[PDB]
Amino acid sequence: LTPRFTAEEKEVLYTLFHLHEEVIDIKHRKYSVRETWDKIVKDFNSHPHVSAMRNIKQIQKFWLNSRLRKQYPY
DNA sequence: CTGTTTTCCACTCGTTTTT
DNA sequence: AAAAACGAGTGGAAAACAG
């Protein structure tokens with residue numbers, strides 16, 4: 052039922068991630089995490105060329121997976 | 001320290017895209 | 001037709017927390 056992330060969208064999320072590295076990545080933390093994530097989700101869902109609206113869980117899952125499957129460029 | 005709660009990540013499943 | 005990629009669920013490791 053739910054679509055997939057477009058290329059452009061992936062670039063957007065990657066950009067946001069690279070920006071807020073120091074807050075969401077354990078490897079940089081060593087403030088509100090939830091609010092930072094919410095900020096990212098908001099910025100994404102507000103982005104014009106967005107396919108579908110996502111919740112915080114989906115975004116986080118994309119973060120986790122893109123790291124797992126080693127495609128996170130930053 | 002011990003014991004509880006929260007957050008992160010490897011493994012995997014069912015489907016969909018790509019070779 | 002086979003392999004790779006993708007979204008998603010989960011258990012338990014790792015970490016953060018309370019006493």
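Per the entry's author numbering, the first sequence runs over residues 52 to 81, 87 to 130.
The beta carbon of each residue, even a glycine, is placed where N, CA and C say it ideally should be.
If you draw a straight line from the C-alpha of residue i to the C-alpha of residue j, how long is it?
i	j	result
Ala108	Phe100	10 angstroms
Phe68	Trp119	8 angstroms
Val74	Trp93	9 angstroms
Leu52	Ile115	17 angstroms
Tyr130	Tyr65	8 angstroms
What would DSSP say about residue i, mapped onto helix, strand or coil?
i	result
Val106	coil
residue 164	This structure gives no information on residue 164, because the portion of the chain shown stretches from 52 to 130.
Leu120	helix
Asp94	helix
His79	helix
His69	helix
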